[PDB]
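Which chain is which? The protein sequence lines are A, B, C, D and E, in order. Residue numbers for the first sequence, in UniProt numbering: 581 to 851. Residue numbers for the second sequence, in UniProt numbering: 2 to 11, 25 to 69. Residue numbers for the third sequence, in UniProt numbering: 2 to 11, 25 to 69. Residue numbers for the fourth sequence, in UniProt numbering: 77 to 330. Residue numbers for the fifth sequence, in UniProt numbering: 77 to 330. To start, the structure itself, in structure tokens.
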Amino acid sequence: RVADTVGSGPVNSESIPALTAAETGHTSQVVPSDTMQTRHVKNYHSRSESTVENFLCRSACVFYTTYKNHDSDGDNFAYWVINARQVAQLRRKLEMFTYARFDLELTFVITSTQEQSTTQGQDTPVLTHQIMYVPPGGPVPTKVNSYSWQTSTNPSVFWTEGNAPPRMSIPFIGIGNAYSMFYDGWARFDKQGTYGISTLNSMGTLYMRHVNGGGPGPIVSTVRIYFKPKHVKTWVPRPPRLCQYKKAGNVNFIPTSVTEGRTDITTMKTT
Amino acid sequence: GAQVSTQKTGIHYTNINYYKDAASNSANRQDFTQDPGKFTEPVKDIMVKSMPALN
Amino acid sequence: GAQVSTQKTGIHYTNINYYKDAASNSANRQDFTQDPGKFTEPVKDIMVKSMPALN
Amino acid sequence: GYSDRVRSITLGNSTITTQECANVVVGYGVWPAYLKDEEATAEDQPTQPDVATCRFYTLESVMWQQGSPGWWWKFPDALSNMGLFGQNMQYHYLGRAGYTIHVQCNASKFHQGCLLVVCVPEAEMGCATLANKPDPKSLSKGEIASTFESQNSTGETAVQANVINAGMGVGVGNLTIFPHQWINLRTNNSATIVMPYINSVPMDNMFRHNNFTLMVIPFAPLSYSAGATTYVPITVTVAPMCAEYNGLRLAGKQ
Amino acid sequence: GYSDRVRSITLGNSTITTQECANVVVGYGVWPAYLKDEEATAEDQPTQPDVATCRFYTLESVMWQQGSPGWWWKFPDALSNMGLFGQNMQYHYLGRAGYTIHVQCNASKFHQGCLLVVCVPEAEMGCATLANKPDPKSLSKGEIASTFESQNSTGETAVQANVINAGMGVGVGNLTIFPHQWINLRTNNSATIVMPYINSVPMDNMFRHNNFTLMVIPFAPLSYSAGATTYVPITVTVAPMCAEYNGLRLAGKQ
Ligand SMILES: CCCCCCCCCCCCC/C=C/[C@@H](O)C(CO)NC(=O)CCCCCCC
């Protein structure tokens, strides 16, 4: 909840509530009660919706891929290296804090589309997919059927099209006491090579694939990944991203104006 | 072994956790902590509004 | 007739068994026993670290 | 007998005096201190040089001009060459420390201008060329200040130094969220910040990671009438606070 | 479960083990410790590196032979090049410290010989040439051992290294007044001394003064029958204890 207004009458003193020294770096705790007369107002407004928890706690697409039901050579499955910088929306949000800590709520929205052919007599059964997570170091799949899909240890989800979207929870899997949103450092101790957040980045890959081919007719399924931070903790606020994003592995940008211009320094007709 | 918390109004709601890993729980939104003194007034020296920042 | 156990943290969770065969229950992961003395120090003779293994 | 301008700070064999100041900004309200047994991972006993390292090192000066866009100094490194600090820094794998930054600049009652002194933790910067990564020399030059530009930087491996974005793709005028003070020639003389150790890990290497960058950008361009002294220098003085070190070995950096 | 031969010494990241020893000679019965406020003159606060400096540094080895007259190492300097010890040693005007000297040499049950390991404090040496003073390089070569001779040394500026007089004009067989242990291959394996700070002043410079010299002289010449391993090395390992430093400044030595 917000602070309510205090009743104010006229004043005559050597007290200077109106003047400070911004050079201090301290922000003024000046209310309207100073510098003007005010009535009394019991303010009930709540800041409940601007809590860090609520600002972040909302599913957001972070990526998506494709894969066919058919293809000789295996080669008809997809993968994606987990990371939250390939999407503009959420990245900018998470990047309003230097360090953060939170659990994640994974939600997948799987859909299938059928493409044009010549194939006839098609009466396709339900489609069942498989999303498999592979922690870093684990054996990665090669073809739509390499042994590794047994997931004897790697966790994964099986899902039949037509049902409620799949969903899981992930604990704070960070190595350090928190996730790092930025890293003004290098990977190797001789500053040679990778520079940027891209070095802290290392959370395994996600593998998708059709379990059953369905029919002989060509089909293309798409998997959408949705993150949703929970039980959040945030440290060190930062200036929101001004320039548009240019790369997923770094801060790179092309210089941008601070805002838009108007005619005079006096124009109320804002841009 | 459940728990009752008040709702967001201008009445409560019961709740039980069914999973073993606390990560499975829902977001805690009934939270309301706040310290602006970190970001504003981060001066080692306390400032009186009535007074000047130089004397 | 339920039971409350603590969750895995850095709060509990209620639970009831609905089936008659105990095999139907979920894996007991709140378990934490451990005896390395089986595999290490399986000697009939207790060894003092400060001392030598031959004297 | 005092003025909230007056000020005397002492650490080791060094001492700072302030005839004109505001206050002293203190990190995020957090004052630096030695790592507790509860927040530690490294099991070996740490070294606490103390006086030998936690003292005032004064970097090379820089000249302020009517066109100067700004300056910056990465920090874990910048002191990589300062006495026993830089040393303990070369012989150890891990280290953590706080700091007392003191930027000093003085003009006359007839000069005018205004500087912004900030401490950006984790100031990752972009490259001038979208496809590459900025080379080390472009990022930091130890005690030698690096410079921002009043325009777009160019190709190869330099940093996109255009000031309006602080080389981080943000609005330069918002840097004020990080610890800072203003040096307004008209009323100021020096600025002093107390940055505590800030990182997502109890300790870190010091040559591989710069946990924060000091930036001195002028928002109010320096000016003066003819006849006034023309050379107005800026001098940065920093002092490590509560420096611990772990993982001793031979010295260098890969 | 023990033997007054067994032995485990630990300081910092270093650890010493003794499968064959006598005891441990301790200075003049005095065990090293930090300078008290009552015996001090330097008013500035001292630095106590601790773990970073008070650890085991192992000098270059030397080969023992059937003719080897002996070896010696001046001490304040010898560690002038060892990690952070040597460093604190270059940045400070004053310093004081104790030591744990451990000389190690091993042969087989079929080898025979006997070494004398001593710590001569204030081991001023004479010149080979009466009229001059022995040059620095002849006095000490840091971690590189210097050698005694089985005869008279010669001219210019060398040291009168003839062993019978330990280059000090005394009877070599009397060095036993200073802290010492014997390494008698037949029953020994290592020798360990604990030299405390010994000087006529609470602290001293470390590059201008060598408060003691370690000497390893063989009284019983090494020997063995044909077929026995022929290379028998000697290795010195020393560890600073309770090192304090005062008067910090730039580094070097005039
Ligand atoms: C079937 C179930 C499948 C479950 C799959 C779970 C996959 C893991 C998803 C984790 C998402 C974490 C998002 C946190 C943001 C961090 O990426 C950032 C953001 O800039 N940088 C960083 O990279 C921070 C550096 C921290 C390093 C952590 C190492 C694990």
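Where is the CB? At the ideal position from N, CA and C, for every residue including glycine.
- Listed along the chain, the chain D residues whose CB falls inside 8 Å of the CB of B/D59 are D80, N99 and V100.
- Look at A/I662: its C-beta is not under 8 Å from any C-beta on chain B.
- Taking 8 Å as the threshold, the shortest C-beta distance from D/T123 to chain E falls below it.
- The distance from the Cβ of A/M783 to that of A/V803 is about 17 Å, inconsistent with a contact at the 8 Å cut-off.
- A residue is called buried when at least 16 other Cβ atoms come within 10 angstroms of its Cβ; E/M158 meets this threshold and is buried.
- Counting only Cβ-Cβ distances below 9 Å, D/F224 has no contacts in chain A at all, with the closest Cβ about 12 Å away.
- Our two residues, E/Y169 and E/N281, have alpha carbons roughly 5 Å apart in a direct line.
- In the three-state scheme derived from DSSP, where H, G and I count as helix and E and B as strand, D/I259 is classed as strand.
- When C-beta distances to chain B are compared with 9 Å, the residues of the stretch 582-598 of chain A below that value are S593, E594, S595, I596 and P597, in chain order.
- By the criterion of at least three beta-carbon pairs nearer than 8 Å, the stretch 318-330 of chain E is not in contact with the stretch 215-228 of chain E.
- Counting C-beta pairs closer than 8 Å gives three or more between the stretch 125-132 of chain D and the stretch 117-136 of chain E, which meets the contact rule.
- The Cβ of A/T687 sits no closer than 8 Å to any Cβ of chain B.
- For A/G754, the CB falls within less than 7 Å of some heavy atom of ligand 1.
- Residues of chain B with a Cβ closer than 7 Å to the Cβ of A/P751 are, in chain order, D35 and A37.
- If the five residues before and after A/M748 are omitted, its C-beta is found closer than 6 Å to the C-beta atoms of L686, all from its own chain and listed in chain order.
- When C-alpha distances from A/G717 are compared across A/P798, A/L786, A/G795 and A/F752, the shortest belongs to A/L786.
- At a threshold of 7 Å, A/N757 does not count as near ligand 1, since its beta carbon sits no closer than that to any of the ligand's heavy atoms.
- Taking every protein chain shown into account, the CB of D/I259 has 16 or more other CB atoms within 10 angstroms, so this residue is buried.
- Taking the CA atoms as reference points, E/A237 sits about 9 Å from E/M244.
- For E/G243, the three-state secondary structure derived from DSSP is coil.
- Against chain E, a Cβ distance below 8 Å from D/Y321 picks out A128.
- Membership of E/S214 in the alpha helix (DSSP H) is indicated by the continuous run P212 to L215.
- Residues of chain C whose Cβ lies closer than 8 Å to the Cβ of B/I30 are, in chain order, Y27 and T28.
- Note on the stretch 89-134 of chain D: whole beta strand (DSSP E) runs with a minimum of 3 residues are 90-93, in chain order.
- Across the structure, A/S736 and E/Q163 are spaced so that their CA atoms are roughly 56 Å apart.
- When the five nearest sequence neighbours on each side are left out, the beta carbons in the same chain lying within less than 6 Å of the beta carbon of D/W149 are those of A221 and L290, in order along the chain.
- The alpha-carbon of E/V239 is positioned some 9 Å away from that of E/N228.
- Annotation: Cβ neighbours of E/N89 in chain D (cutoff 8 Å, chain order): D120 and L324.
- Scanning chain C for C-beta atoms nearer than 7 Å to the C-beta of E/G77 yields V62, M65, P66 and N69, reported in chain order.
- Only residues of its own chain outside the window of five on either side were considered, and among them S760 and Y763 have a CB closer than 7 Å to the CB of A/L780, listed in chain order.
- The beta carbon of B/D49 sits no closer than 8 Å to any beta carbon of chain A.
- Under the Cβ criterion (8 Å, minimum of three pairs), the stretch 183-192 of chain E counts as touching the stretch 296-314 of chain E.
- Boundaries of the beta strand (DSSP E) around A/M788: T785 to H790.
- When Cβ-Cβ separations below 8 Å define contact, E/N281 makes no contact with chain D.
- In the DSSP assignment, E/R172 falls within the unbroken beta strand (DSSP E) covering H168 to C181.
- Our two residues, A/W660 and A/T699, have alpha carbons roughly 32 Å apart in a direct line.
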